[PDB]
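Just below is one structure, and these are the notes that go with it.
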Amino acid sequence: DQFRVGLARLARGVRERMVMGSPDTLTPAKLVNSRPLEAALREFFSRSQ
Amino acid sequence: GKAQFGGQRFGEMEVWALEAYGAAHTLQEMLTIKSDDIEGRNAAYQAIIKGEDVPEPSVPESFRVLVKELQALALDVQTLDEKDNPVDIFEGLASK
Amino acid sequence: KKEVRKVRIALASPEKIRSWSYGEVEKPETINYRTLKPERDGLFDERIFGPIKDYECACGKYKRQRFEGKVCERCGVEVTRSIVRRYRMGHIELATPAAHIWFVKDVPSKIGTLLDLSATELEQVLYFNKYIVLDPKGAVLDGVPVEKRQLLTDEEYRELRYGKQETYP
Amino acid sequence: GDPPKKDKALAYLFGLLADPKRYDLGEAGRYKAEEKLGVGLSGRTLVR
Amino acid sequence: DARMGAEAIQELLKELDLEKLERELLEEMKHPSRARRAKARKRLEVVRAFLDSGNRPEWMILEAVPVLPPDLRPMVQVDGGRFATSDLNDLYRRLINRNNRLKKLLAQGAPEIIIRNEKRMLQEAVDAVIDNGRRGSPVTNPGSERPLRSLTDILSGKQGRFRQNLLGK
Amino acid sequence: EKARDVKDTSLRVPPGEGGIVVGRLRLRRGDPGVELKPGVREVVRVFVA
Amino acid sequence: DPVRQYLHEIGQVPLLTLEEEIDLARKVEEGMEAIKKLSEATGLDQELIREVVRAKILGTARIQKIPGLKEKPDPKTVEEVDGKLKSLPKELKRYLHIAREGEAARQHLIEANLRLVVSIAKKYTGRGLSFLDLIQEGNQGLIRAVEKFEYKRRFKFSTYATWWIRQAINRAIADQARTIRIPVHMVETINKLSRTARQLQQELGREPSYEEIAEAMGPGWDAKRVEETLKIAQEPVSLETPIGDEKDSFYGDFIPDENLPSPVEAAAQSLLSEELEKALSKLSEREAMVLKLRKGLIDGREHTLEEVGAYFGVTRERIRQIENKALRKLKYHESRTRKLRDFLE
Amino acid sequence: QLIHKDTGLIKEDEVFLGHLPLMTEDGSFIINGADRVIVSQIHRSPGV
DNA sequence: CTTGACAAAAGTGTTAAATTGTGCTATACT
DNA sequence: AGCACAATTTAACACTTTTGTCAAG
Ligand SMILES: [Zn+2]
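Protein chains in written order, with our numbering: chain A, 1295 to 1343; chain B, 77 to 172; chain C, 4 to 172; chain D, 174 to 221; chain E, 89 to 257; chain F, 650 to 698; chain G, 790 to 1134; chain H, -18 to 29.
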């Protein structure tokens, strides 16, 4: 569940990163960030009741 | 807590107990010297070290924090006297 | 010196606030990112609230109990106990006057009871939704003359103020 | 909050109900609701 | 002259003659109808309170904003080198940014729309400092859903300056 | 006695607690297998049974 | 909701067609050049007459009385320059009117492009600064973009504007977002660091080490420097941060006070001063006086050598020998009583 | 895999995501060098 | 109690390095 | 994003005064 939440935030990050830079050539490496899912899972494991 | 080398919390219910007994100076020490009062606890420890009876405290010092906090809310807090006159609990401090 | 047998609470006038004030905090910093000293006009500033060290000013010119109460000529730090930072209060002079949210939001709203304004309409005024009429100046709206205390939205304000026009493409 | 646009209404209310991603009704809920109301359901969505 | 906001309210409150309203509400009070009577009563109660208090109603609209001493809202590093600070510091800070931004925007000659918006943000900032969360969503530190704790929250609550730190220790 | 430079920060076992030393752990930075948070040189941990 | 309020408020004022845009820009520039020509007329500065005209435009009495309690007097320095500009022939007059109209055009242009700014600020969230703050910084950047714009270049104003709004919002993150003040340079530095770290974390499949990230940063970058910048980058912690599942505890009230003397410490200092005072009294009067002149036991300051020699009328060397002797006598009596052998920490 | 609809550009390319904690044999995880456990939650089943 | 001779410590005035603050960029973009 | 330049702070450094001490009176 939390994984898919973080995945949604990552989806939004991807969506923000498309409309700028060079829409012609972009590798998925530049399009994707670790922190949304990383911090989602981190938050769930450390914090959640 | 113990880990912090802490003192025991004296609750409101315990205050009610002391009041029910009618012990004024015990409750006074609890509320001033033995808890947060700076000059009170200092002069007290001094007195016991020198073998005196501990003096009478003045300012709990959390109450002064309460006063200045109330003033931060733009509420004028005046501590008066027997005859309706200003008594400054901050001694030459915030007087300006 | 004297006993305190009485404690009162009242509204502090702006003048009283300024009287309490040792100075205004202009700059919204806390401390320098490295030196960790209070910033010039910042919230933790010593030039108003007092020194971090007892009798020691910021620059370190006047160093002792010998000098007392004398303001240092560079930092402007008063030589005194470092405890005054708990007592001495600052202030922020506001450009446009604002309302204390207590007398607004309180269950029997006080300013609303005084001026005879409902919580709703007063909420609309204070948060700048609808203008209110202090001086009508013989103005009229929809056949009925506008009087004091009356609330108008942006449209009607602009209408009775700047006039009414129609643009046709 | 936003002006009553038609396409905004379409997209929003598609994301509210008909969206399989945004709206996922439990497989157990799918099954149970299917065997309670006396009907059947294609997907996990309230509407299609 | 139709003004929107705390300025206008302040002006009305200053214009108020409490003696006029005193006599007038006293007369309004003996009206046979019960509703009008009781309403006039509560109104006259606030009015009389202001009368024998000596306090002026316009004080409820704040010009100068009192700033709490640094040691009361401390900022200090701990073991590990990392810092720590009160929420009141951040609240005060944001109030300062908005107040200064508006301060330079007024002198700028900026249009009425921007001025109005920043002024509204200023009211909500002052209120966020006084009592946070009562009006609209509580202002929280970015990335955290934990509401910032204001002066009102310092005084009241089970953990308030009274219950936790005063009536018990 | 020369007033000297550095002061003593040493870790001393809390009151009410005491025992024998079994485990010894030293993680120093600039050494393999360990990444320590910024600003911190080394962490030293002691097991006491 | 304030956001709804402002968004609707700017929703009221419509957009501007190319005609309107060009015309407004034209009228603005005409206004400015009119101000310059008026500067050649009465011989006063541009911003002077400009701010006067504004004072006649964007409000009557409200521009003067509250940009702080003190600026330029209403009946005096405003009205006299007003009346001085009033007393000119026809051309300078029509140029006065033109200037005013220019100012108004500036205002409207600002509004439509406030809609623009709202879009841009909508792009920038996540900051460490709230939405409306972003909007307002962007709006100032907008007034800025309006001022320096040139329509003669035949470019749509939107682009030039966008750059300025963006830079203004970045000025916001630099000047605002962190509780502690971190100036622009290290902000950009930290940003580059984090960005690169993300990149090579994507490449390597794991987080880097200070060495490899420093090498990836280019020349002048080592482990200590990236560690230091990262040490600056970290934010303070809220004192009200909850501790444990308990609702009765904060983080801040677990912080001790080392600034304030403990009762044991005050008593310690007291006993030290007293015992030292009594251990001093067995000395000769002069040597004791000299010692307490050296220590700061009198005025708190430190009286050197020559000063003591000047006060007692003797040479400084004598003072030196005196204090040494005193020290050793105290060595004896203290070697006896062992009252002051403590306080050695 | 990343694609372009209009271009027909196919750049597939692998990527990273993050770090995922693994459950031990006893059934507990380890977070920041501390053994922790995730308790099962009880709510009402989906459906109507 | 004294004096003169000396270097180490603490001062005092001009400079270099790095440090911080401010402004600017133009396909269009609301 | 990032650079460039002005204004500014720090640390840099070269030569001065006194402050502490040594030795011998
Ligand atoms: Zn000073």
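Note that beta-carbon positions come from the ideal geometry of N, C-alpha and C, so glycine has one too.
Of all Cβ atoms in chain G, is any one closer than 8 Å to the Cβ of residue i?
i	result
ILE51 (chain C)	no
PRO664 (chain F)	no
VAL18 (chain H)	no
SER1316 (chain A)	no
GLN84 (chain B)	no
For residue i, would you say it is in contact with chain E, using Cβ-to-Cβ distances shorter than 8 Å as the test?
i	result
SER16 (chain C)	yes
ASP138 (chain C)	yes
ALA122 (chain C)	no
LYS4 (chain C)	no
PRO31 (chain C)	yes
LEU144 (chain C)	no
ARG843 (chain G)	yes
residue 179 (chain B)	Residue numbering for chain B in the displayed model covers 77 to 172; residue 179 (chain B) lies beyond these limits and cannot be assessed.
Would you say residue i reaches chain H, if we count a Cβ-Cβ gap shorter than 8 Å as a contact?
i	result
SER1340 (chain A)	yes
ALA1323 (chain A)	yes
Which partner residues does residue i have in the DSSP bridge list?
i	result
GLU81 (chain C)	C:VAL74
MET92 (chain C)	C:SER24
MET163 (chain E)	E:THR173
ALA13 (chain C)	B:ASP152
If you measure from the beta carbon of residue i to each beta carbon in chain C, is any gap under 8 Å?
i	result
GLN104 (chain B)	no
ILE958 (chain G)	no
Looking at the structure shown, is residue i part of a helix, part of a strand, or coil, going by DSSP?
i	result
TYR65 (chain C)	coil
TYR134 (chain C)	strand
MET1314 (chain A)	coil
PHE10 (chain H)	strand
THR5 (chain H)	coil
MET117 (chain E)	helix
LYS1114 (chain G)	helix
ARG91 (chain E)	strand
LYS(-8) (chain H)	strand
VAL153 (chain E)	strand
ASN161 (chain B)	coil
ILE(-16) (chain H)	strand
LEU39 (chain C)	coil
Need the endpoints of the alpha helix (DSSP H) that residue i sits in, please.
i	result
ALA15 (chain H)	First-last for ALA15 (chain H): 15 to 17, but that is the beta strand (DSSP E), not the alpha helix (DSSP H).
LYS207 (chain E)	200 to 218
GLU868 (chain G)	868 to 875
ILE242 (chain E)	239 to 243
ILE23 (chain H)	Note, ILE23 (chain H): premise wrong, no alpha helix (DSSP H); not H, not E.
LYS981 (chain G)	973 to 993
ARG793 (chain G)	791 to 801
What residue range is occupied by the uninterrupted beta strand (DSSP E) comprising residue i?
i	result
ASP152 (chain B)	151 to 156
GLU691 (chain F)	691 to 697
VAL130 (chain B)	It is not in any beta strand (DSSP E) - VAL130 (chain B) carries neither H nor E in the DSSP assignment.
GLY672 (chain F)	670 to 677
Less than 8 Å between CB atoms is the rule here; does residue i satisfy it with respect to chain D?
i	result
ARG904 (chain G)	no
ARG895 (chain G)	no
So does residue i have its beta carbon nearer than 7 Å to some heavy atom of ligand 2?
i	result
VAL87 (chain C)	For the structure depicted, ligand 2 is absent and the ligand set comprises only ligand 1.
**Message:** So if I threshold CB-CB distances at 8 Å, which residues from the region 1080 to 1095 of chain G count as touching chain C?
**Reply:** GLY1085, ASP1088, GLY1089 and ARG1090
**Request:** Using a Cβ-Cβ cut-off of less than 8 Å, give me the residues of the region -11 to 15 of chain H that come near chain G, in sequence order.
**Result:** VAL(-4) and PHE(-3)
**Request:** Return the residues of the region 60 to 72 of chain C that lie within a Cβ-Cβ distance of less than 8 Å from chain E, sorted by chain order.
**Result:** none
**Item:** Residues, ordered as in the chain, of the region 984 to 1006 of chain G that lie near chain H by beta-carbon distance below 8 Å
**Value:** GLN990, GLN991 and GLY994
**Message:** Residues of the region 682 to 696 of chain F in Cβ contact with chain G at a cutoff of 8 Å, in chain order, please.
**Reply:** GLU684, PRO687 and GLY688
**Message:** Under 7 Å, CB to CB, which of the residues in the region 1004 to 1029 of chain G have a partner in chain F?
**Reply:** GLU1016, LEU1019 and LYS1020
**Item:** chain E contacts made by the region 134 to 150 of chain B, where a contact means CB separation under 9 Å
**Value:** Here the close residues are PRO136, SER138, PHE139, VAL141, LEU142, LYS144, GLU145, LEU146, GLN147, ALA148, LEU149 and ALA150.
**Asked** Going along the chain, which residues of the region 109 to 122 of chain B sit with their C-beta nearer than 9 Å to a C-beta in chain G?
**Response** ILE114, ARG117, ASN118, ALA119, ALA120, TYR121 and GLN122
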